[PDB]
Amino acid sequence: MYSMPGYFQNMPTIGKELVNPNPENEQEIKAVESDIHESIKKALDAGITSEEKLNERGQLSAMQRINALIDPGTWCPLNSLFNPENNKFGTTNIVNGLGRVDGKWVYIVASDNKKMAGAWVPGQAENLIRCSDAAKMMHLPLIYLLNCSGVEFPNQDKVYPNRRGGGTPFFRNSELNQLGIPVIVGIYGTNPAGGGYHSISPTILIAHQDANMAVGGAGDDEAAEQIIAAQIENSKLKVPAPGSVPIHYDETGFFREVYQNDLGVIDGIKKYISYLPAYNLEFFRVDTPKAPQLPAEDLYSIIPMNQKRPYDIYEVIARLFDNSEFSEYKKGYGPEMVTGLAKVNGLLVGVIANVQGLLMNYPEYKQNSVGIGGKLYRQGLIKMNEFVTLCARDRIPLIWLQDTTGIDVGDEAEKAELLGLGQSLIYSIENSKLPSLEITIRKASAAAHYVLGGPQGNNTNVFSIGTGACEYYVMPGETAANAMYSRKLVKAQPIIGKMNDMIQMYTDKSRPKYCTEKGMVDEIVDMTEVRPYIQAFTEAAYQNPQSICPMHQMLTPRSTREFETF
Amino acid sequence: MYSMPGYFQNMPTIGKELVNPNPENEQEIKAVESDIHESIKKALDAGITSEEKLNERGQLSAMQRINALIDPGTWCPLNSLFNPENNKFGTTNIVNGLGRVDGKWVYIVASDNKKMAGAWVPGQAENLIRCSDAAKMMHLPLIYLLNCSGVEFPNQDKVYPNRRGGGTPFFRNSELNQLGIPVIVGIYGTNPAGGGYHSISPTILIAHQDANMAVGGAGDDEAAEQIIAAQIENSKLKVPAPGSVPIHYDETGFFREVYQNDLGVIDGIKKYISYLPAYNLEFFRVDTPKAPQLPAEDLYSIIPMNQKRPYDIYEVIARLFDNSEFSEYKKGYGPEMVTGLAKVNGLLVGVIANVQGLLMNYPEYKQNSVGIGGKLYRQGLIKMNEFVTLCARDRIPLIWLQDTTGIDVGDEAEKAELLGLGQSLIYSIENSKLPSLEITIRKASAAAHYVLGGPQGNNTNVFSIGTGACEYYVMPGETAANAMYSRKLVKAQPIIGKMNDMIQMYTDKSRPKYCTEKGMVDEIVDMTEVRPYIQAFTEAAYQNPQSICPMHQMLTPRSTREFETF
Amino acid sequence: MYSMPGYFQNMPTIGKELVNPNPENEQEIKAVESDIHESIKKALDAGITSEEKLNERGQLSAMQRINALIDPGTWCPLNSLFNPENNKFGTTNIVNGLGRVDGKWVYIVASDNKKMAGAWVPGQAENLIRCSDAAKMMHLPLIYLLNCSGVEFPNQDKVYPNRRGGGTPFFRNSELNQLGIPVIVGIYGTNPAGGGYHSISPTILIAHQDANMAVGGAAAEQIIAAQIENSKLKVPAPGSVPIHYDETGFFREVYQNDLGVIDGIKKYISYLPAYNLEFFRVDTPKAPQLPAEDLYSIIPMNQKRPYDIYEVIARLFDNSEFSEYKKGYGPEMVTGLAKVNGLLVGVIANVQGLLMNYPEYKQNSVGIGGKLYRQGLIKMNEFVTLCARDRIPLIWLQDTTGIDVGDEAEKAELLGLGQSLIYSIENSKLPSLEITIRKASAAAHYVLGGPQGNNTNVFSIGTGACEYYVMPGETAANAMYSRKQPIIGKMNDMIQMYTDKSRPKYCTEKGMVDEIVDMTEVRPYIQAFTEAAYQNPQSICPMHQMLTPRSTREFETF
Ligand SMILES: CC(C)(COP(=O)(O)OP(=O)(O)OC[C@H]1O[C@@H](n2cnc3c(N)ncnc32)[C@H](O)[C@@H]1OP(=O)(O)O)[C@@H](O)C(=O)NCCC(=O)NCCSC(=O)CCCC(=O)O
Ligand SMILES: CC(C)(COP(=O)(O)OP(=O)(O)OC[C@H]1O[C@@H](n2cnc3c(N)ncnc32)[C@H](O)[C@@H]1OP(=O)(O)O)[C@@H](O)C(=O)NCCC(=O)NCCSC(=O)CCCC(=O)O
Ligand SMILES: CC(C)(COP(=O)(O)OP(=O)(O)OC[C@H]1O[C@@H](n2cnc3c(N)ncnc32)[C@H](O)[C@@H]1OP(=O)(O)O)[C@@H](O)C(=O)NCCC(=O)NCCSC(=O)CCCC(=O)O
């Protein structure tokens, strides 16, 4: 019961059954994966109040609230270890990511009430903007599980002011609303000032019976003593915390609904989520959802931690996409890249990925050359330009699989227009106006990181994820030390020492964990977890898209076919 | 020769001649202004190569290139002291701001070739985004005077990766182009990799004859020696720097034009600027341009450095806007704010500004009260909501003059809807979809900083400026130390000591210079320089606006009139 | 001083010098062209008040006002003979088209004050919407030379009410303003009610000193008493200068005479944003290398004769240069880049004649030029999509008899590929011009950048050799009456009617095509359109970031 099975079903299948496993490699990847999981667990547990203590006082933690909201097994966290300003607890005081609620994907943001009652900490504003941007680009509902005490007083200068500070999300929520994207808030505990605007900015307000939202909270030694007198007098005065339920439900009616406990609040949210517009994804399917035909655990063997080793990218694609099917656009032209159509739970996506290894008699603009997989040449850049443009016309979201060492350099490459072709790709992406996912398989480096659907496209890239085998740098430490200090040897030992410093630093500052802490990549995900994220993304993309191309009116399949025959 | 003189000419005049000058105050302001000018001069001079040395080698500095481009006296720098990451030289290696070129306003970005040949330094990416955002919001041409050596190798992790890093401007330039906003580049010196994409991303490329743009640049002790052999062999090889004029002019034709020297490049830019679409501002005028009727130097007396002193805001408005004329919207309603129409070189703007001092028998929702000027109440918030909405419909840009201590707090204020009214203002602003300017007169604090056209509105606020009398904090240090440590005295000397630490820190981290270094405000401007910036902004706003309301079809003047009569 | 001469300069040249002229054909074309010119002249002269009488009373006619405004030789009229409701005078009481004012292209609408003082007549509302749509799609300034007495009382039911009636332009002017497109009005004579809203809706109002704009203007024996009492009362016509200048200030400026009003308009036009077209040029403007008058020989009036489309393209575009996209693939169509006064346009045009061993989905087949097959439709889909990305406007040259029919064609996806083209055009979001060379027929007329794309096609023009029908009269009579002597008679009626109702003049009267233009006048219209398109475009693609030239090159080499 689908359109055009001749084009969209029984596509060529790709990938081989894994002949030689590699335990050493698998163990190396899993060591990175373990450290990530361990750091996340330690960070989620950190803070002045435990989950156990929270539960005793009648409150749920962020993860408890999240797990009560979502369909089991659908949680795709992002920015778990994001901590650009290096807070001691290791987080930005929010837990965020994608989750599914009774079949509907939503973007979830949860205050960490274990840590200073969910206070604004350095790096949080940035994290929050990455949330609302994702919702914006995907037209996906934004859900706040809110428990926010506002500005951290010692850090006010880092959390209160500026273009992208604590005030920005309030504008971003109005923008979402104006773009037709609903925002739903569960209001827990005390939310004064900063937390008050997080409470009031959403579309729908569901309150805990003890919760509040307010413009402002309650209310030498001779100086020092005076304060404790006023405090204990006000405490015996028993004035209620401003903007409690008797105010914001009974008087202003800004609280739409009030629930007795945390799980009641969740039920309220679930109810309003059920009201939200969403396609039955069947509408956009070209085939019934099918698992890949090769197991994802093979990826622990296929993707080498030895950064000097090539591998076959088709083996990766075969394990990530429905039924191991792939419909390649212009195979043979631009051999440094794979571009083609694939399926994700029956839904069309365009896949763009680096080819690794030696490229015989290539590029064409060089007399007698061998090309390096992971680099970009003329035909690859042109093929991508076309494929992006075609997918954009067809309203087909793009998933980029990056493992790249840059664009070809030198005057032969220059004459081949590579600088202009790279920028043309940037222009093509910006022109596409569709949500896109970027997945760093191993190397994200040079300008290729930018042009290959990089997170530098703030209008199209929703977020980025990386595997345990990934690394981010401008160029390898060795090449960098070279270009920096080679001319300073044309003059001149103190220089040798700081070349080895640079090499060491580039290794340190390019490790997967460091990369996600700085937010270079949003999440480090397990090899068995990459497809889940692709599924989350793709289903979110097609849940309520702002534009449609009927299948019979799509150009990509037609142009792909013609190139194969003509 | 203007529409509706009955509405737009002979408006009420405001302001008094200054009776009592205040030398002490004037001197205090000018001390802040001097320190700013002095820090800017020191920062512009800093770097491994002087202007004198640059000139000897046949090159102009950033400021020389800028001064050769612009009409004399039209330079409005922004982010002069922006240095969020605290680079030693004190800058982000770019000089940026507004400048006029033969009557046309343009946004200007100039590489600082005194410092590591214009290398990407920490904080630069952010600075560059503030540039392209301004051009985007105002539909104003972006001009690059480019001399960029790319990534600073030691700092690569801070300048190369991430959503808002060195790659982002290349996407932002494509966005500008796609929105119909031209980008023009003068290409000087060597521009490899990162600087190559700054070269190629603009609409128009004008090159210095010795300049280049490229995807990549040229080309233990036994290890160490090997490098200097290859280097000196390549140096004697005399291979030209990749992507020089014989390549990018003669072969690729990406350089549109080539000039012999720096001033030739400027002439080329001037020529292409002359091609750009721009209104004769006469088209949008409602009166002939007229100076204010009171001198701006009085502002050194009027605006008190004593943060506890009120002043009359009308005295400020009278000195900033054409002919000291003001057409107030709903005077008497919402007395804590002034909202009304003014003129800037004959062009209509909407002005929103705090009233200072005691407000008798106010707010209305309190039994017997005296209101504090600089705070926001019910009627003020509602009046602003309406005025913003009206100006938005009329396509009249808004200028916000902030001097504020926040929104009224407590359950009487809550019942009066202040939390929802504040957010309604945010929604109203976001809905306006027009470029806006924010000017901090003194206090930018609390949520009022956000709602009063704050820079937290990334779609509407083009940039923000502040006077020498300005200060930024969440709340005063004393109130902050209180709310932080008062409950920790209900338990318990080590606490007293860190309360005085907080008070001191809030004073340090809220000084005008510190605020602009962090980018809380984009520029600290002289009292005599505020009108110039307002003129730059307003004329840029009306140069090529994307939407028009004919004067006879404007609602703001009509509604303003009806309230006065009915 | 241009980007990428390697791509944009010294493109292949096309066309041959004309070997054998054809006087018979030329004369046949010029006979149609003469009849058009003659009908236009008669229509412009028609009406109860002559130009001579207007001049005596101190007033200029529509054409005098237009000719005083525009740079000489830049007038591109549209809808000259548009008269869908068949008014006796032959017009819709407005003169409209493209004109250039001191180098700036603008859209011009002028009230015909020769005819019932510029009253609203049947068909006018539709004509006015075609004006504001053009301005909308090109972001081009709209100029009204206004002299409008409002609703024609006898015809009120046809000019006053409905979604697309006399009130619609007032909403369309607000839309233009909100899209940032300025509207400038010169207010002449009396403009009450309907004409009052034409006066007030624009951005800028310039008034003649005797002019007015108003909400409303100023048994049997009883009426003439009140009338003569009011006439002796000497009450001024409502909303005159002492009101709308002195009191309301809705008139921005007042001039003593018609030419003063024009000067005021010129001044405000000079204020308007416009590129120096040099900014978007890839070469200096160059005439074609073959004369346009050859087209009188090249394009056959004998509708059964093929001709070489390249000969047409060679005579319309700068320096006879053409950079063809995917030559050899989809031979029934020509798609490629060309230049118009140095500016890039994408050209899509039918190939005529026999196509050997084609289409590929059939066995031993000969293809018919002017028809659309699989590869043509796919090539156009790609080329449209590529030009859209590159912000390159499209010019469509139509001479077509439809899309291939039958189950082999169906299996080849032709129905879906045709609609994909429609989708592709709608997706392009750029102003486009459509020129009917000869045949506009079947679904091909729709998909080949037809005027049915109300968001992209600015207007359409046709040559004297053009004709519009669903299908030929013979084929139509067949399909209608084959399944059915009284029947033979009404088959010949149908054939005759299809010939009658498909003549160039009839087509433009009904608005099927907006203007019938002379063979020597096609390039001028292309120049007007292209220069208007690039005057103030809403989106740019830098030359070095364009995909079309790159993809075109790769197909040639790879
Ligand atoms: C640019 C020139 C030719 C200029 O040399 P010059 O004429 O001597 O000029 P000068 O005023 O004496 O300044 C040179 C001096 O300024 C400093 N400097 C220059 N560039 C950098 C940098 N990128 N990072 C850190 N420091 C830099 C160094 O101390 C230079 O000394 P040196 O030239 O080494 O003797 C040269 O210094 C050079 O080649 N520099 C940088 C090497 C390079 O190729 N860098 C590209 C950086 S990687 C990148 O941006 C990648 C982005 C993503 C991608 O596309 O891959
Ligand atoms: C929120 C509550 C009621 C929660 O108290 P609780 O029930 O004891 O909860 P708990 O788990 O024991 O946590 C309290 C403890 O967590 C820490 N903490 C809490 N909030 C902050 C903060 N904002 N900055 C820095 N540290 C904070 C403190 O150590 C708290 O201890 P304390 O309550 O003082 O004994 C209370 O701690 C409180 O009132 N906190 C903050 C005071 C306040 O009113 N803050 C508003 C911050 S200003 C702002 O955000 C302005 C934005 C712009 C504007 O609108 O003006
Ligand atoms: C406009 C002038 C002042 C023209 O001055 P003039 O020197 O007489 O000019 P002329 O060359 O001699 O032309 C007059 C002659 O042209 C014809 N004519 C003029 N206006 C109309 C019309 N509206 N419908 C049908 N026929 C009209 C009539 O035969 C006129 O003869 P008449 O003036 O009756 O002796 C005058 O004819 C006049 O006052 N006409 C009546 C105009 C009028 O009442 N217009 C309102 C039309 S209703 C409407 O548009 C409402 C729309 C909805 C709304 O906004 O309410």
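Below, read A as the first sequence line, B as the second, and so on, with proteins coming before strands; counting in each chain starts at 1. Computed from heavy atoms alone, side chains included, the values below leave out hydrogens, waters and symmetry copies.
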Colleague: Side chain from CB out, backbone as N, CA, C, O: work out which of these in B:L418 comes under 4.5 Å of a heavy atom of chain A, or both, or neither.
Modeller: both
Colleague: Kindly compute the distance separating NZ (B:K415) from CG (A:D250), expressed to the nearest 0.5 Å.
Modeller: 11.0 Å
Colleague: Report the option among A:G243, A:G150, A:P154, A:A193 that has the most heavy-atom pairs separated by less than 4.5 Å from atoms of chain B.
Modeller: A:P154
Colleague: Name the option with the most non-hydrogen atom pairs under 4.5 Å to chain A; the candidates are B:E251, B:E126, B:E417, B:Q493.
Modeller: B:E417
Colleague: Which atom names give the shortest non-hydrogen contact between A:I496 and B:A224, and what distance separates them?
Modeller: CG1-CB, 4.0 Å
Colleague: Quick one: which of B:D133, B:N162, B:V159 has the most heavy-atom pairs under 4.5 Å with chain A, could you say?
Modeller: B:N162
Colleague: Can you tell which part of B:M502 gets under 4.5 Å to a heavy atom of chain A, answering side chain, backbone, both or neither?
Modeller: side chain
Colleague: Please determine, among B:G194, B:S510, B:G457, B:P242, the option with the most heavy-atom pairs under 4.5 Å with chain A.
Modeller: B:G457
Colleague: For B:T168 and A:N458, run side-chain contact (heavy atoms from CB on, under 4.5 Å): C-alpha distance rounded to whole Å, both residues' side-chain angles, the deciding distance at 0.1 Å, then the answer.
Modeller: CA-CA 8 Å; B:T168 314; A:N458 302 354; 3.6 Å; yes
Colleague: Would B:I227 and A:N482 count as a side-chain contact (heavy atoms from CB on, under 4.5 Å) here? Give the steps.
Modeller: CA-CA 8 Å; B:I227 301 161; A:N482 225 252; 3.8 Å; yes
Colleague: Looking at B:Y450, B:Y514, B:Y472, B:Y473, which one has more heavy-atom pairs under 4.5 Å with chain A than the rest?
Modeller: B:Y450
Colleague: Does any part of the side chain of A:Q456, heavy atoms only, come nearer than 4.5 Å to the side chain of B:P169, both counted from C-beta?
Modeller: no
Colleague: Specify which of A:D501, A:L419, A:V409 makes the most heavy-atom pairs with chain B at under 4.5 Å.
Modeller: A:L419
Colleague: Among the options A:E430, A:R130, A:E414, A:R163, pick out the one with the most heavy-atom pairs lying under 4.5 Å from chain B.
Modeller: A:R163
Colleague: Quick check on B:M475 against chain A: is it the side chain, the backbone, both or neither that has a heavy atom closer than 4.5 Å?
Modeller: side chain
Colleague: Tell me which of these, B:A218, B:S244, B:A480, B:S464, has more heavy-atom pairs under 4.5 Å with chain A than the rest.
Modeller: B:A480
Colleague: Which atoms of B:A444 come close to chain A, meaning under 4.5 Å heavy atom to heavy atom: side chain ones, backbone ones, both, or neither?
Modeller: backbone
Colleague: With respect to chain B, which residue among A:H248, A:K158, A:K518 yields the maximal number of heavy-atom pairs within a distance under 4.5 Å?
Modeller: A:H248
Colleague: Name the option with the most non-hydrogen atom pairs under 4.5 Å to chain B; the candidates are A:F170, A:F254, A:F463, A:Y160.
Modeller: A:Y160
Colleague: Check each atom of A:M505 against the heavy atoms of chain B and say whether the ones under 4.5 Å are side chain, backbone, both or neither.
Modeller: side chain
Colleague: Would you check if the distance from the ring center of A:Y506 to the ring center of B:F153 is below 6.0 Å?
Modeller: no
Colleague: What part of B:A214 gets closer than 4.5 Å to chain A, counting heavy atoms only: side chain, backbone, both or neither?
Modeller: both
Colleague: What is the distance from atom CD1 of B:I228 to atom CZ of A:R487, rounded to the nearest 0.5 Å?
Modeller: 13.5 Å
Colleague: Quick one: of A:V521, A:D157, A:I429, A:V151, who has the most non-hydrogen atom pairs under 4.5 Å with chain B?
Modeller: A:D157
Colleague: Could you tell me which portion of B:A446 (side chain, backbone, both or neither) has an atom closer than 4.5 angstrom to a non-hydrogen atom of chain A?
Modeller: backbone
Colleague: May I ask you to decide if B:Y427's main-chain N or O and A:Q178's side chain share a donor-acceptor pair within less than 3.5 Å?
Modeller: yes
Colleague: Is it the side chain or the backbone of A:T252 that comes within 4.5 Å of chain B heavy atoms, both, or neither?
Modeller: side chain
